[PDB]
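*Asks:* Following this message is one structure expressed as C-alpha cells.
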Amino acid sequence: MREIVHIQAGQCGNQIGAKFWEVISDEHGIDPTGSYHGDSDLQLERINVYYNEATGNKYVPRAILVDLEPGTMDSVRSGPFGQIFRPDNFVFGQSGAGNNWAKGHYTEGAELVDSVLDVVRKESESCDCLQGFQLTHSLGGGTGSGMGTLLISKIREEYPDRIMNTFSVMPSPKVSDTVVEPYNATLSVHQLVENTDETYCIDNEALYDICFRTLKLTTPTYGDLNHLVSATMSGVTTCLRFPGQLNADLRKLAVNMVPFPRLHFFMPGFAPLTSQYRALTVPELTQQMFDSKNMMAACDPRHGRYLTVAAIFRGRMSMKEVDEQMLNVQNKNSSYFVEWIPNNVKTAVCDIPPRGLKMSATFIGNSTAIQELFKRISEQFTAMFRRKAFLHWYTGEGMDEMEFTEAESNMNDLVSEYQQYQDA
Amino acid sequence: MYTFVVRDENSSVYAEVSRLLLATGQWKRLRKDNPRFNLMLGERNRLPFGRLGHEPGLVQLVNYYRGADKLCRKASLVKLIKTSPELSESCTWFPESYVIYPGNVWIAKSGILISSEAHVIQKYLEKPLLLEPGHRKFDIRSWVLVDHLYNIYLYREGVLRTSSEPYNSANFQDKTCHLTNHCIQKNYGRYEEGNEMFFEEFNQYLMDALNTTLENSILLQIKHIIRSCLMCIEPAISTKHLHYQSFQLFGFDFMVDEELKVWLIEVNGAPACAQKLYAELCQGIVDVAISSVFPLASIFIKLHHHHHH
Amino acid sequence: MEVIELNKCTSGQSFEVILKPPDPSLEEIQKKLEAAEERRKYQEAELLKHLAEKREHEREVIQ
Amino acid sequence: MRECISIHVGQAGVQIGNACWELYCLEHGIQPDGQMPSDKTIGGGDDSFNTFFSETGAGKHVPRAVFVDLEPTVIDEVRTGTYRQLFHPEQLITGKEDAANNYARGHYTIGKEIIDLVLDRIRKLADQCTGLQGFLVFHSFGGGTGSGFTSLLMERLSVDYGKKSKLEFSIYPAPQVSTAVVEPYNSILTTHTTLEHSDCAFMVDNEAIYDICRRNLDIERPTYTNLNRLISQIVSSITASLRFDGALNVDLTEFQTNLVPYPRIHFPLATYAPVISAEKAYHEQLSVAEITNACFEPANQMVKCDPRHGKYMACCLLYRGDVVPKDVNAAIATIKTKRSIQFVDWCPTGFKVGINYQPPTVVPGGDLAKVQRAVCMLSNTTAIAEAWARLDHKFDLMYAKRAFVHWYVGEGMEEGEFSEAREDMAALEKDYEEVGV
Ligand SMILES: Nc1nc2c(ncn2[C@@H]2O[C@H](COP(=O)(O)OP(=O)(O)OP(=O)(O)O)[C@@H](O)[C@H]2O)c(=O)[nH]1
Ligand SMILES: Nc1ncnc2c1ncn2[C@@H]1O[C@H](COP(=O)(O)OP(=O)(O)CP(=O)(O)O)[C@@H](O)[C@H]1O
Ligand SMILES: Nc1nc2c(ncn2[C@@H]2O[C@H](COP(=O)(O)OP(=O)(O)O)[C@@H](O)[C@H]2O)c(=O)[nH]1
Ligand SMILES: CC(C)(C)c1nc[nH]c1/C=c1\[nH]c(=O)/c(=C/c2cc(F)ccc2F)[nH]c1=O
Ligand SMILES: [Ca+2]
Ligand SMILES: [Ca+2]
Ligand SMILES: [Mg+2]
Ligand SMILES: [Mg+2]
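Chains as they are written, first to last, in the working numbering: chain A, 984 to 1407; chain B, 1006 to 1314; chain C, 1303 to 1365; chain D, 50 to 486.
Below, the structure is given as C-alpha cells:
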C-alpha cells in the first residue's frame, strides 16, 4: 500500500487542490514542468505516493481534475504549476452546475461521471499497490458537492476495499456565494456519512475568522483562505510523503482514528498560522495547535470531547520535549479526552519542515464538538426548508421533497450520535 | 496544577484531605475512573495497585501501602509476630495470642467472648490501669503516618478512648466496663467529653496520681512498638525504587496495665481521627505525605534509632 | 541448604539449590476461517445491493 | 542434538529476530557471509549451535529462521542489510497489504491467503531436521500481523506438528512507543487463541525496556533499535542453554518442566542485570551478589510488577561470565533473609542455576558496555498477572462502548469472539489469584 489517487472536483476543489500540488511539489523538489531538482534523497523515497514516473525522469501527479464547466480548469492549466498535470486527466463538461446539487449528482454530472471514472481506472490500473483515494471539493456548490459525492459513491462500488478520504470545505454565510449552500451541504453530508473513511471538515467561517481576527487581514480573498488549507493539507499528508520509521498507510491510520464508522469528521488545525522570523518553541506549537483559534472547523473543542487526536510535528526538535508537552495538555485537561479510549492522543515528528517555517505542527482531531458544525448547517437548512424555499431549483431537476426530509433526518441523527458519546 | 481521585466515600479523614487539597488552587479533582492522576485516594478493599505507576509522564502516589493488611488484620498480625524474629513469639509488648479457625481469662475476636470456657484467642489483661476518680478502663489511640521514603511520623496528639463504668473482675458478660470502644458506650460523657481524654490532661493525671509523665511511662514504649512493627514489614511493603509510590495513615490501639506496661492490641489500616484533631492531622498528611512528593508554590515526631551492635 | 545435581563442562556448569521442600483439527480451522469469509461476502453483497438501489433512484430522478 | 526453528511474525517479531540473529552470530563467531572459521566439520554437524544453524557444503551457516510479515518494507531491510547473505530468500516471506493494526484482518482475511505458503516454507526447514524439537515464535501483542497471523500460525503448527514444543517471545504493548490505539483488543484476542497452543511464553513489556534504556543507558528517547538490542541480550540469555554445551535447559521441553507446572500459567517473568552504558567512563564492575540481588528489583524486570505480593512456582538463574557455584549460593543465602520470596506450598523453595563462563557478547558500537558477569533470572511468579489486569481493564473501557469493533466485524469476525476471548482472560486472572493468594 503506497499509491494514492487524488481527485479535485468543482471550483473550490480545483483551487485548494491546485495549491496542494503547488506546496507538495516544492517540498518534493519538483519544478513546474515536472523535473526533479532537489538535494535530499528523502524527497524521492516515497514520491510514488503522489506521483507517477514518466519518460525523461519526469514526475506526473496522480491527479484527476473534474468540473462541469471549463472556467476553473482553464485557470488551473494557466496557473503556476498547471503544466505538471497529465492532460488526459482534465475531464470537464460545459453547461456548469449552477450551485445545484441535483445537477451535480443526478442530471448534468451523471452525463460526465463515467468519463471521470475511466481516468480513475486508468490511473488505478498502473498502480503497484493502491492504498486509497482523496477528493478535494466544497459541499456548498453544485459540482464538487453533487458530482463529488456521486463520484465517491461510484468509486466505492468499483473499489469497495480502498480507503476514501475527503477534504471538504463547508459553507458559511460569512463566506457565501448562494443562499442554497445549506441545502447542498446537508445532501452531501448524508453521502459522506455513508461513503468516506475520513472527512477533513474545513469550515470557511473558521478560515475567514483566522484570516480576519488572528492574522490581521481586513479583506480576505479565497487565496488567503486557500493558503491555510494547503498548509494543512501538506500537514495531514506528511507522514505518508516522508519516513521516519512510521509504518502506516491510510487504513492503519483510519483504524486508529475512527472508533465508530459514521463519526469520521475531523477538526483540522495548524501552528503557526501564516500569511516568520522567530521560530516557535515546542510548548507554543502544542498550545497553539490545541487552541480553538487555530481550528479549521468553527467548533469549540471545550464544548465536546476528543475521541482521538493525532498531532504531527515538522522540523528539528527534541522528541523528549514533544512527548513532555503533549503529555502536559492531556494531564492538565483530561476531562476533554474520553477516558474510555485509553491513550487516544498519538504523535509523530518529521525532520523536514515545510516552506518558510522552521518548525510547524498539524492537528487532526476527532472531537464530538464537530456536532456544532452540523447543527449550524441543519439550522440554516430548516429556516429555508420549513417554507420549502428555493426548492423549485431542485424539484425541476427531478428531486422529491422526501429526499430533503431524509437528508435532514440523517444529519440530525449524526448530531444525536455525537451527543451520545459526549455524555458517556 | 496536580490531579487526584477519590475512591473512598466513607473515609472521614480523606474527605477532609480532599477538601484541603481543592481549597488551594493547585489541585484538581477528577472522576473516580480517570487514569490520569497524580494522587489516588483509594478504596479499602480491592485497591488496584497493578494499575498504578503505568501512566507516562505522571508521578503517581497512593494513600495505601500494598501488603499493609498483614499488620491490620488480627489473624495475620498474630502470625506475623510469631514468625518474624524482629518481633518474636517471646515478644514482651504483645498479648499471648493463638489462631484456631471457625489468672486464665482470655478474649476472642475478629460478638466478643470473655470467659474461661468458650478468629484469634488472646490473653486478656485482667489487671489494667484504671483512671480515678472512676476506677475505669481505657485504650490509647496514636495516629502514625508513613510517607513514601518510609519516614515513620508519630502525630503528637493521641486520645484515650475511656470506659465510664467501674471495671469488674467477676462480671464478664457486662460489656460496657470491659470493652472501651467509642460506639459501644454511645454514663456516656460523665468525666470527659464523649469518653475522650487528650494527652495534656493524661500527662497531668499521671504527674498528680503516679508522679511520672506520659513521655516516660507510656509513650517511649508506644514509639518502640510503632517503630518495631513498621520496620519489620518495611522490606515487604516499601515503595522505594518502585514505579508508583505509597503512603498511609495508621491507627495504633494500646493498653496500659497497672504496672505501667504498654500492650499492642490492634493496628488500624483505614483509621478515623478524633473530632477535634481532624483539622491539624489532615493538614499534616498534606504537608508531609503529599506536598513532599508534589511541591506547592512540626506536628509529628519522627521515629528513628540506630543503636550500634 | 543442599547443592544437588551439579554437572560441569569446559564451557560452564549448572546445579540446583533447594532452600526448603514443599486443540481443534484441520477441519475445524479451515471451517471457521471460511465462515468469516461468508460473513465478509454477505456484507459486501449487502453493500452492492444497497448501492444498486442508489443506482435505480439515480435513474428515477433523471427520468 | 535436536533442531529449533525460530519464527518471526510481524514488524516487532522481524526486527527482534534481526537483533537476535546478529547477536547469535557474534556469540558463535559466525560472520555476515555465514562462514564460521572455528567450525571444523564442513557440510554438517550435531553440535549445540547446530540446533539453531544448519550447514551447506560451501561452509555457510544458515539460521533455522522464517520471517513472516504481511507487508514488504520491514523484511526488505533484512534482504538488503548486513546479514542479507545469511538467509535464503525462501525463508523471508512477505505479502503486499498489512493487517492495519487489526487482529481480524491478520487472522481471518489476509491470514487465510498466506497461511498455507508459510506452513510450506516451515516444512522445507523441518525436513532438514534430523530430530525437530519445536518452535521459538517472536511477535507483538499489538500489531495486526503480530496478533492475528501469529494465532492462526500457532493453531496450524499444533495440527501439523502435534509432538513438538512451542515457545513465545511476546512484546506486550506500551503507549509510549506505540501509535496503535487498538492494541488492548489485539493483545487479548491473540492471547485467547494462542493460549492452549503455547508451551512457555516470555513477555516483554516495551514500557519496562524503554525505562531501562532511559535510566541505565542514559538514552533520552529510546528508539526500537535501542530496545531491540537490549531484548536480544535477554533472548540470547534464555536461548544460550540450547545453543551451548550445558546440562540445564538443554531442550524446549525442559523449559516447560522447569518453569511451567500449571500449563495455562506459562508466562515466566524475566529479570536481567546488569544493564550498563558504554558511554559511561568509569564503571565499577558488579559482583555475583549485586547482580543476583538486582534480579529481585522491579526496575530490572521485563514487565513491571511486584513479586513480593505474589508467589513463585519456579525460579531459574542463568549466569554469563566469571561466576562460580559457591558465590551464587552465598548470594542466594544473603538475599533469602533480606527479601520477600514466598513460594507456593506444592513447589520446592529453590533455584535452578545455569552458568556459562563466556561473558555477554555486545554488539560493536552498541549501547551496552562489556561486563565481567551478568545474569538473567527466569521466575514464574503470580505477580505478572498485574500485566493482564491492566490490559483487561483497557479492553473493558473500550469494549463497553463497542469502540473500534466495527473494523474487526467488517473483516468477517463476530462480536461474540470479543467477550469469548475476554472471559478466557477473566478465567486466566482468576487462575493466577487462586495460585497466588
Ligand atoms: N520492542 C519492539 N516493539 C515493536 C517493534 N516494532 C513494533 N513494536 C511494537 O509492536 C506494536 C505494533 O505492532 P507491529 O509489530 O508494528 O505490527 P505488525 O505485526 O507489523 O502488524 P500490522 O502493522 O497490523 O501488519 C507496538 O506496541 C509497537 O511498539 C520493535 O522493533 N521492537
Ligand atoms: N488482651 C486484652 N486485654 C484487655 N483488653 C482488651 C484485650 N483485647 C482487647 N481488649 C479491649 O477490647 C476493646 C476492643 O478490642 P480490639 O481493640 O481488639 O478490637 P477493635 O476493632 O474494637 C479496635 P478498633 O475498631 O479501634 O480498631 C479495646 O478497647 C480493648 O480495651
Ligand atoms: N475555502 C474556499 N472556499 C471556496 C473557494 N471557492 C468556492 N468556495 C466555497 O465553495 C462554495 C461554492 O462552491 P463551488 O466550488 O464554487 O461550486 P462548484 O464549482 O460547482 O463545486 C461556497 O460555499 C464558497 O464559499 C475557495 O477557493 N476556497
Ligand atoms: C501521528 C500518527 C501516528 C501519524 C497518526 N496516528 C493516527 N493518525 C495519525 C496521523 C494521520 N492520520 C490520518 O488519518 C491522516 C489522513 C491522511 C493521510 C494522508 F497521508 C493522506 C490523506 C489523508 F486523509 N493523516 C495523518 O497524518
Ligand atoms: Ca445534456
Ligand atoms: Ca559442523
Ligand atoms: Mg463558484
Ligand atoms: Mg506491519
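Just so you know, even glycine gets a beta-carbon here, dropped at the ideal spot from N, CA and C.
1. Given a cut-off of 9 Å on the beta-carbon distance, is the pair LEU201/D and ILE164/D in contact?
2. Distance check for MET1202/B and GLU483/D, CA to CA, integer angstroms please.
3. Quick check on the DSSP output: the beta strand (DSSP E) that includes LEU1254/B runs from which residue to which?
4. Ligand 7 heavy atoms versus the CB of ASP1057/A: any closer than 8 Å?
5. Are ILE1223/B and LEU1265/B closer than 9 Å when you measure CB to CB?
6. Sorry if obvious, but does the Cβ on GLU104/D come closer than 8 Å to a heavy atom of ligand 6?
7. Out of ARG1139/A, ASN1040/A, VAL1176/A and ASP1396/A, point me to the one whose CA is closest to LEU1353/C's CA.
8. What does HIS188/D touch in chain A if you count any residue whose Cβ is under 8 Å from its own?
9. Mind checking who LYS1128/B pairs with in its DSSP beta bridge?
10. Say whether chain A places a C-beta atom closer than 9 Å to the C-beta of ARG1024/B.
11. State the beta-bridge partners of residue 509/D as determined by DSSP.
12. Exposed or buried, which one is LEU1301/B when buried takes at least 16 other CB atoms within 10 Å?
13. Measure the beta-carbon distance from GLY83/D to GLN134/D and round it to whole angstroms, keeping in mind my assumption that it falls under 8 Å.
14. If we count Cβ pairs, one from each stretch, closer than 8 Å, do we get three or more for the stretch 423-441 of chain D versus the stretch 1034-1043 of chain B?
15. What's the call for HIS1020/A, buried or exposed, on a 16-neighbour Cβ count within 10 Å?
16. If the cut is a Cβ gap below 9 Å, which residues of chain A does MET447/D touch?
17. With the cut-off set at 9 Å, would you say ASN1068/B and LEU1044/B are in Cβ contact?
18. Just how far apart, CA to CA, sit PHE316/D and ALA250/D?
19. So, with DSSP's three-state summary, where would you put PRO1070/A?
20. For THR1016/A, is the classification buried or exposed, using 16 other Cβ atoms within 10 angstroms of its Cβ as the cut-off for buried?
21. Against chain B, with Cβ distances strictly below 9 Å, would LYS173/D count as a contact?
22. Would you call the stretch 362-379 of chain D in contact with the stretch 327-341 of chain D, where contact means no fewer than 3 C-beta pairs closer than 8 Å?
23. Under a three-way DSSP split, which group does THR1185/B fall into?
24. Give the interface partners of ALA1093/A over in chain C, defined as CB-CB distance under 8 Å, in chain order.
25. My assumption, with CB atoms under 8 Å, is that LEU1356/A sits in contact with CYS1282/A. Please give the rounded CB distance.
26. Would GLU1386/A pass as an interface residue toward chain B - the criterion being a Cβ-Cβ separation below 9 Å?
27. Let me confirm a value: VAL454/D is counted as buried when at least 16 other C-beta atoms fall within 10 Å, else exposed. Which label applies?
28. When the distance is taken between beta carbons, is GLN1190/B closer than 9 Å to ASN1200/B?
29. Using the DSSP secondary-structure output, state which residues sit across from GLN1315/C in a beta bridge.
30. Measuring alpha carbon to alpha carbon, tell me which residue in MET1056/A, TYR1289/A and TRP1084/A is nearest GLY1076/A.
31. Is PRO222/D near ligand 1, with its Cβ less than 8 Å from a heavy atom?
32. Closer than 6 Å by C-beta to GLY485/D: which residues in its own chain qualify, once you throw out the five before and the five after it? Chain order, please.
33. Name, please, each residue of chain B whose Cβ falls closer than 9 Å to the Cβ of residue 487/D.
34. Report the option in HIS989/A, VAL1103/A, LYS1086/A and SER1213/A whose CA atom is closest to the CA atom of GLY1381/A.
35. Along the chain, where does the alpha helix (DSSP H) that runs through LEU1290/A open and close?
36. How would you label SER1343/A, buried or exposed, when you count the other beta carbons within 10 angstroms and need 16 or more for buried?
*Replies:* Taking the structure as given:
1. Within the fourth sequence, residue 201/D is the residue found at index 152, counting from 1. Within the fourth sequence, residue 164/D is the residue found at index 115, counting from 1. Cβ distance < 9 Å, so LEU201/D and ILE164/D count as in contact.
2. Locating residue 483/D in the fourth sequence gives position 434, where the first residue counts as 1. Locating residue 1202/B in the second sequence gives position 197, where the first residue counts as 1. Whole-angstrom Cα-Cα distance: 46 Å.
3. Looking up residue 1254/B in the second sequence gives position 249. Element bounds for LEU1254/B: 1253-1261.
4. Translated into the one-based positions of the first sequence, residue 1057/A becomes position 74. With a cut-off of 8 Å, the C-beta of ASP1057/A is classified as distant from ligand 7, since no heavy atom of the ligand falls inside that distance.
5. Taking the second sequence and counting its residues from 1, one reaches residue 1223/B at position 218. Taking the second sequence and counting its residues from 1, one reaches residue 1265/B at position 260. In this structure, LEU1265/B lies closer than 9 Å to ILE1223/B by Cβ.
6. Indexing the fourth sequence from 1 puts residue 104/D at position 55. Answer for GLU104/D: yes, Cβ within range of ligand 6.
7. Looking up residue 1353/C in the third sequence gives position 51. Nearest of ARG1139/A, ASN1040/A, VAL1176/A and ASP1396/A to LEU1353/C, Cα basis: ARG1139/A.
8. Locating residue 188/D in the fourth sequence gives position 139, where the first residue counts as 1. The contacting residues do not exist; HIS188/D stays about 15 Å from chain A at best.
9. Taking the second sequence and counting its residues from 1, one reaches residue 1128/B at position 123. The partner list for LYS1128/B (beta bridge, DSSP) reads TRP1111/B.
10. Position 19 of the second sequence, counting from 1, holds the residue named residue 1024/B. With 9 Å as the cut-off, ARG1024/B does not count as an interface residue toward chain A.
11. Absent from the structure is residue 509/D, since the part of chain D shown begins at 50 and ends at 486.
12. Stepping through the second sequence from its first residue, residue 1301/B is reached at position 296. By the 10 Å Cβ count, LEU1301/B comes out exposed.
13. Position 34 of the fourth sequence, counted from the first residue, corresponds to residue 83/D. Position 85 of the fourth sequence, counted from the first residue, corresponds to residue 134/D. Right, their Cβ atoms sit about 6 Å apart.
14. no
15. Here the question's residue 1020/A lines up with position 37 in the first sequence. Exposed.
16. Position 398 of the fourth sequence, counted from the start, is the residue given in the question as residue 447/D. The answer, in chain order, is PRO1242, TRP1323, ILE1324 and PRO1325.
17. Here residue 1068/B refers to the residue found at position 63 of the second sequence. Here residue 1044/B refers to the residue found at position 39 of the second sequence. Yes; because the gap between Cβ atoms is below 9 Å, this pair is in contact.
18. In the fourth sequence, counting from the first residue as 1, residue 316/D sits at position 267. In the fourth sequence, counting from the first residue as 1, residue 250/D sits at position 201. Approximately 5 Å between the Cα atoms of the pair.
19. To locate residue 1070/A, count along the first sequence from 1; it is residue 87. Here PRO1070/A sits in helix by DSSP.
20. Within the first sequence, residue 1016/A is the residue found at index 33, counting from 1. When all chains shown are included, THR1016/A counts as exposed.
21. The residue you call residue 173/D lines up with position 124 of the fourth sequence. Answer no: the Cβ-Cβ gap between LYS173/D and chain B never drops below 9 Å.
22. yes
23. Here residue 1185/B refers to the residue found at position 180 when the second sequence is read from its first residue. If DSSP states are grouped into helix, strand and coil, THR1185/B belongs with coil.
24. Position 110 of the first sequence, counted from the start, is the residue given in the question as residue 1093/A. Those within 8 Å of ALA1093/A in chain C are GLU1360 and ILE1364.
25. Position 373 of the first sequence, counting from 1, holds the residue named residue 1356/A. Position 299 of the first sequence, counting from 1, holds the residue named residue 1282/A. Between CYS1282/A and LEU1356/A the Cβ distance is about 6 Å, and since that is below 8 Å, they are a contact.
26. If you number the first sequence from 1, residue 1386/A lands on position 403. No, because no Cβ of chain B sits closer than 9 Å to the Cβ of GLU1386/A.
27. The residue you call residue 454/D lines up with position 405 of the fourth sequence. So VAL454/D ends up on the buried side.
28. Indexing the second sequence from 1 puts residue 1200/B at position 195. Indexing the second sequence from 1 puts residue 1190/B at position 185. Result yes, Cβ atoms of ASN1200/B and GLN1190/B sit closer than 9 Å.
29. What you label residue 1315/C is simply residue 13 of the third sequence in a count that begins at 1. Its beta-bridge partners are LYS1310/C and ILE404/D.
30. Residue numbering aside, residue 1076/A sits at position 93 when the first sequence is read from its first letter. For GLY1076/A, the nearest C-alpha among the options comes from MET1056/A.
31. For the purposes of this step, residue 222/D is taken as the residue at position 173 of the fourth sequence. True, at least one ligand heavy atom lies under 8 Å from that Cβ.
32. As a position in the fourth sequence, residue 485/D is number 436, starting the count at 1. In its chain, beyond the 5 residues on either side, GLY359, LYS360 and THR431 have a beta carbon closer than 6 Å to the beta carbon of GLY485/D.
33. Here chain D has residues from 50 to 486 only, and residue 487/D is not among them.
34. Position 398 of the first sequence, counted from the first residue, corresponds to residue 1381/A. Ranking the options by Cα distance to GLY1381/A, first place goes to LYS1086/A.
35. Here residue 1290/A corresponds to residue number 307 of the first sequence, with the count starting at 1. No alpha helix (DSSP H) contains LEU1290/A, which is instead part of the beta strand (DSSP E) from 1289-1298.
36. Here residue 1343/A corresponds to residue number 360 of the first sequence, with the count starting at 1. Result: buried.
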